[PDB]
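To start, the structure under review is shown below, and the notes come after it.
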Amino acid sequence: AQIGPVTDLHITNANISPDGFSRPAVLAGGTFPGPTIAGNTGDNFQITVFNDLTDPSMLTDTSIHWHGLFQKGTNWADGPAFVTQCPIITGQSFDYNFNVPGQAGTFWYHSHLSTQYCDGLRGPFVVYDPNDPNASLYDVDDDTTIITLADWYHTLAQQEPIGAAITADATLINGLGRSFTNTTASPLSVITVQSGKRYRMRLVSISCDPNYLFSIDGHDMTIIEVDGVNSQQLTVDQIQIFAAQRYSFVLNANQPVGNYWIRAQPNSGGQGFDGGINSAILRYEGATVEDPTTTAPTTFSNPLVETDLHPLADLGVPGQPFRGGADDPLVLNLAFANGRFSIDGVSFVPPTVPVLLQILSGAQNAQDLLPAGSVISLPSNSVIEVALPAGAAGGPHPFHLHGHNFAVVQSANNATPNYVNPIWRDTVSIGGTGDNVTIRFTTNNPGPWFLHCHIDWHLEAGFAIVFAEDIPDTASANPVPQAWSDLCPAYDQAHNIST
Ligand SMILES: *[C@@H]1O[C@H](CO)[C@@H](O[C@@H]2O[C@H](CO)[C@@H](O[C@@H]3O[C@H](CO)[C@@H](O)[C@H](O)[C@@H]3O)[C@H](O)[C@H]2NC(C)=O)[C@H](O)[C@H]1NC(C)=O
Ligand SMILES: *[C@@H]1O[C@H](CO)[C@@H](O[C@@H]2O[C@H](CO)[C@@H](O[C@@H]3O[C@H](CO)[C@@H](O)[C@H](O)[C@@H]3O)[C@H](O)[C@H]2NC(C)=O)[C@H](O)[C@H]1NC(C)=O
Ligand SMILES: [Cu+2]
Ligand SMILES: [Cu+2]
Ligand SMILES: [Cu+2]
Ligand code: NA
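Structure, rendered in structure tokens:
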């Protein structure tokens, strides 16, 4: 069952064995992935998060981010630790009380403390549209049509060396999959369809690192949503999905009744499908209960290319149709050396006082804010352009902006910008050496918004900056509840920190 929009959510430690290997984890709702949180567009969500964690090897503090939800007027509820809040301590709870006006689509929730979401705190978050403009394109859209893709590690996250190339031990599809080494024939996930029906498959990358080449043998996939943004219909036979991205696609159950492999090939870790790694099963009602015998093609003839995507609505692009054609045109210098990432020469290390609390306490320019050099102010009601030229080791880096979605004016592997009709999204691969992936948005959401690589090991190694959007209006725009004001005193007391 789905939970929400008003619900408790307990965060616990437990042993799990999603690939046959037992390890302890950090779980929401007792499962991996966590339960789907759901509601309708414009609903009030009140997710009361109970921190019941006791195992220090995965951190006993926590904080949860609602990925892709704008949090307008509720920056305090966004979740990134030491940007919008201090962590919730064990034995305490906290009500994330916000609204989702003007958004409907496929989202997710995850820990936003250190690398803790890798240890298991990740689940789907769906905002349905009762008047969805795509409703007539499918028959079925429910918890059974959500498909999660996850990396899974046998080593606990707090034992992963900072700045290292960290590699997973299994791909999990809907929480199940097989280990790349010492492979055992542990259970695979089954997605069940009825011959002749059409399904809104909500594909969610809950990855901490790898991108996946996702396909379904015998089937193609008609994309209708990208990171919450409705798209024109685009039919593909393979989707390369980067960490934290989401797609809805229509699956037409139009092949013979049977069993078909579902494939998710990561860019690192185990390559291929031997022993049923990187796999799940599409089963038609009436098929024999047995593994598929289908194969993949040698090459995919209609892969997703990001410049093929276009919004369903006439979203356009803000600003002027050339590079630098914005009120505030930025170019970030994105680098890596010696185990640490940097943006504009500064490696991100979380501050002791969350950025939002520094601003509410009166710090009002970005040079007054800590960490020094990690906070860039943005002017209000202005068109922002951010060029993100690639080259830093560990690519391709999927960059994500909190508080906003953005027009993808230039995509990976294509030097031509699009000022007319590019897709809008919230997480974008910045590509490879010599690329110049560039995003645009308008500043109508006061508050400090994190910008970072969504490979969680890279964020931990410093690949982030904070956009302090409209510092002067942050306090009036974001009134804070007493429980939020109580978080830093409690956290600092529990940890013997002075502030
Ligand atoms: C990606 O696109 C951005 C624009 O969106 C390019 O930025 C431009 O970068 C050049 C230098 O690479 C800038 O010109 C230089 O400016 C300084 C003075 O500020 C001057 O001293 C140098 O002689 C040179 O003129 C230009 O200002 C800039 N545009 C913006 C908005 O900052 C960037 O080069 C592209 N990167 C790649 C790898 O293609
Ligand atoms: C590289 O990225 C560029 C920019 O996103 C892509 O260029 C765009 O290509 C599309 C598809 O061909 C062009 O749209 C077409 O326009 C014609 C004329 O209006 C129309 O009859 C077609 O039905 C379609 O709308 C679009 O104009 C063009 N934009 C620009 C700025 O060049 C390009 O396709 C990408 N390269 C690859 C290999 O995918
Ligand atoms: Cu995220
Ligand atoms: Cu986010
Ligand atoms: Cu990265
Ligand atoms: Na425009």
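The sequence shown lines up with residues 1 to 499 when you count with mature numbering (1 follows the signal peptide of the UniProt record, and there is no 0). Every residue gets a Cβ at the ideal spot worked out from N, C-alpha and C, and that includes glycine.
query	result
Host alpha helix (DSSP H) of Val355 (start-end)	355-360
Presumed contact (8 Å Cβ cut-off) between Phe45 and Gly102, rounded CB distance	So it is not a contact: roughly 14 Å between Cβ atoms.
Beta-carbon gap between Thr60 and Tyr96 smaller than 9 Å	no
Inter-residue Cα distance where the pair is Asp470 and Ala490	28 Å
heavy atom of ligand 2 below 8 Å from residue 515 C-beta	In the structure as shown, the chain starts at 1 and stops at 499, and residue 515 therefore has no counterpart that could be examined.
Exposed unless 16 or more other CB atoms sit within 10 angstroms - verdict on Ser17	exposed
Selected residue, minimal CA-CA separation from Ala165, among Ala494, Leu451, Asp308, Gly394	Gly394
Own chain partners of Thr115 with C-beta closer than 6 Å, once the 5 adjacent residues on each side are dropped	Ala157, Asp456, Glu460
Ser429 CB to nearest heavy atom of ligand 2 below 8 Å	no
Closest Cα partner of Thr7 within the set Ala28, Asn15, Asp19	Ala28
Check whether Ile239 and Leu137 have beta carbons under 9 Å apart	no
Unbroken stretches of the beta strand (DSSP E), 3 residues or longer, contained in the region 119-204	122-128, 146-152, 170-173, 190-193
Distance cut-off 8 Å: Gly432 Cβ against heavy atoms of ligand 5	no
Cβ-based neighbour list, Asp119, same chain, cut-off 7 Å, excluding 5 preceding and 5 following	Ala25, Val26, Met58, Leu156, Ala157
Among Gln194, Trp449, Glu306, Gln410, the one whose alpha carbon lies nearest that of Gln255	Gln194
Cα-Cα separation between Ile376 and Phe242, rounded to whole angstroms	26 Å
Exposed unless 16 or more other CB atoms sit within 10 angstroms - verdict on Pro80	buried
Assigned secondary structure, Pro371 (DSSP; H/G/I helix, E/B strand, else coil)	coil
Three-state secondary structure assigned by DSSP to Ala287	coil
Check whether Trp261 and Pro292 have beta carbons under 9 Å apart	yes
For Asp308, the three-state DSSP class (helix, strand or coil)	helix
Best match in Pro354, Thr499, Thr427 for proximity to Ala468 [C-alpha to C-alpha]	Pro354
As assigned by DSSP and simplified to three states, the class of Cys488	helix
Contact test: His112 Cβ vs ligand 8 heavy atom, cutoff 8 Å	No copy of ligand 8 occurs in the structure displayed; its ligands are ligand 1, ligand 2, ligand 3, ligand 4, ligand 5 and ligand 6 alone.
Assigned exposure category for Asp435 - 16 Cβ within 10 Å defines buried	buried
Exposure of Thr433, with buried meaning 16 or more beta-carbon neighbours within 10 Å	exposed
For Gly432, three-class secondary structure by DSSP	coil
Candidates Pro481, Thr167, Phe82, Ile88: closest to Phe450 by CA position	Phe82
Buried or exposed by the 16-neighbour rule on C-beta atoms within 10 Å, applied to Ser498	exposed
CB of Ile11 within 9 Å of CB of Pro124, strictly	no
Neighbourhood of ligand 5 [Cβ distance below 6 Å to any heavy atom], ordered by chain position	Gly394, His397, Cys453, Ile455, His458, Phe463
Minimum C-alpha distance to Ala407 - residue among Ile89, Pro396, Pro321, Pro448	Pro321
Test item, CB below 6 Å from any non-hydrogen atom of ligand 1	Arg323, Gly324, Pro329, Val331, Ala387, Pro389, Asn436, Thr438
Strand pairing of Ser215, partner residues [DSSP]	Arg263
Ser411 CB to nearest heavy atom of ligand 2 below 8 Å	yes
Pairwise C-alpha distance: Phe249 and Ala287	23 Å
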